[PDB]
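Below is one structure; the comments refer to it alone.
Rule-based calculations on the coordinates, nothing more; no lab input. Cβ placement follows ideal geometry from the backbone for every residue including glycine, while neighbour counts extend to all protein chains displayed.
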Amino acid sequence: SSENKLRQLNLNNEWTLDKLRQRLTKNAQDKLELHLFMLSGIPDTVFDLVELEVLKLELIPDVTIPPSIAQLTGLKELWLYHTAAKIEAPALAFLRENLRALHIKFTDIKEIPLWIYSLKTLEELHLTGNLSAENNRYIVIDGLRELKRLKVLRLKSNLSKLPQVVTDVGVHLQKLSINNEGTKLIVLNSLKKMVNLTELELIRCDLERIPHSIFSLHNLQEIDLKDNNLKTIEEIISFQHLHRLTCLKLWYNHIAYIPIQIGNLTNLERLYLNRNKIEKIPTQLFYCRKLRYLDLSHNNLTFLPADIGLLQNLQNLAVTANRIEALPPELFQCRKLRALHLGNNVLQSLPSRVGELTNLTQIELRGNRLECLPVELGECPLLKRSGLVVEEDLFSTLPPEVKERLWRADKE
């Protein structure tokens, strides 16, 4: 049509290849992406960007995805933010055979392309918006069954319950992520069907108690229950049967204590308990002897038990913003430590045994009640001034020789 042609010509003239290349971004996931927003359509010059991996369209009306999309032979992801998208069969056949991730943020069904359920090779789907209509609960995802290659489903949709169609896709799904924006999710036994899941995120779902369905997910490797108003977590006793569980995130809750049965989660390598209300660490936690990452920051801890020295694989330890008076000497038996986040405590001294931390590259000390610093920080071969985060006057207490080598290490 003549009207469409003139509008398209004008858009192409406004979006030269040089301008598009200046707009490209190497994004956080190291992917080459183009983001377009608030335009009248898609400039045809987009499809000369043959290196593109991610296309993001935001708030673009009346969009038609054209057959030249097949020129983007490395396109893997398409993001549609408030952008309805029409397509003909050649462009769709290309997406059906090559697109790996689809993100859609939508206001209502009008912004959901009916062709998305035919995207037979899709591995990830991310939906942000309400999934239901009158007499049509969860219709937006009824078609998930046809996405037989799907590995990752992310929903940000204020769900009262987990839709049955989700639990049905559990044979092949590997990662389920729900961000419920504080809407209480009721799980009630249906989650047990997602036997292939290795990663589960139930974020901001007002769970209050860890749901018992999780115990049936015997392939789980990682669980994240951020911001669910958890006060007690006795239910972790049943995690002892999840033999592949290596990452437990219960951060950002109201947890008042750590049950001793945490020590039977013996395959834990990363444990995040930061931003809770915990006052002490049970000694049984140190039976989690494969721990590499431990974050207990922003709790109410006064001391670290001597048994922390039994965590021989500990590499990153954070206890920021507690009220710890001193560090046990046994902490420095943890020879693999690389990072020690100790800020905003009430430390009065930093033990001389820090010199034994051969692999230390990062130590945050600010906001403590230190009068001086110990010379033995100079014994840490890999530490640089940029990794020693402390007030300048405290840094000055080190020997000039030590201070010289820390400064050099950065500039070398």
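A few points about this structure:
- Computed log10 I(q)/I(0) for the range 259-306 at 0.17, 0.21 Å⁻¹: -0.46, -0.72, from the Debye equation with unit scatterers placed on every C-alpha and solvent omitted.
- The range 173-188 versus the range 114-152: alpha-carbon centroid distance in Å: 16
- Applying 0.36 nm per residue to the separation of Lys280 and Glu51 and subtracting their alpha-carbon distance, the gain on full extension is 77.2 nm.
- Backbone N atoms of the range 79-97 closer than 19 Å to the 7 Å Cα→Cβ label point of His35 belong to residues 79-84.
- Spatial separation of Cα centroids for the range 237-284 and the range 1-54, in angstrom: 47
- Using the average count of surrounding beta-carbon atoms within 10 Å as a protection proxy, the listed peptides 17-25, 123-131 rank, highest first, as 123-131, 17-25.
- For the chain, the longest principal axis of the alpha carbon atoms and the long axis of helix 89-98 meet at an angle near 20°.
- For the chain, the longest principal axis of the alpha carbon atoms and the long axis of helix 2-14 meet at an angle near 30°.
- Entries in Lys5/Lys26; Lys156/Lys192; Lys31/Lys56 that, when Cα-Cα distance is taken, lie over 24 Å: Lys5/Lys26
- At 1.002 mPa s and 20 °C, Stokes diffusion of the chain via Kirkwood alpha-carbon radius, µm² per second: 87
- Cβ crowding within 10 Å ranks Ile363, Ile139 as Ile139, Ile363, fewest other Cβ atoms first.
- Rounded to the nearest 0.05, the FRET efficiency derived from the C-beta distance between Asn196 and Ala93 at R0 = 41 Å is 0.90.
- Virtual spin-label span in nm between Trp407 and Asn158, 7 Å along Cα→Cβ: 5.7
- Put a dot 7 Å past the Cα of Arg145, heading toward its Cβ, do the same for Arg244, and the two dots end up 2.6 nm apart.
- For the chain, the 222 nm mean residue ellipticity estimated from helices alone, with every DSSP H stretch of n ≥ 4 adding -39500 (n - 2.57) and the total spread over all residues, rounds to -3500 deg cm²/dmol.
- Burial ranking of peptide ranges 234-241, 99-106 (average Cβ count within 10 Å, highest at the top): 99-106, 234-241
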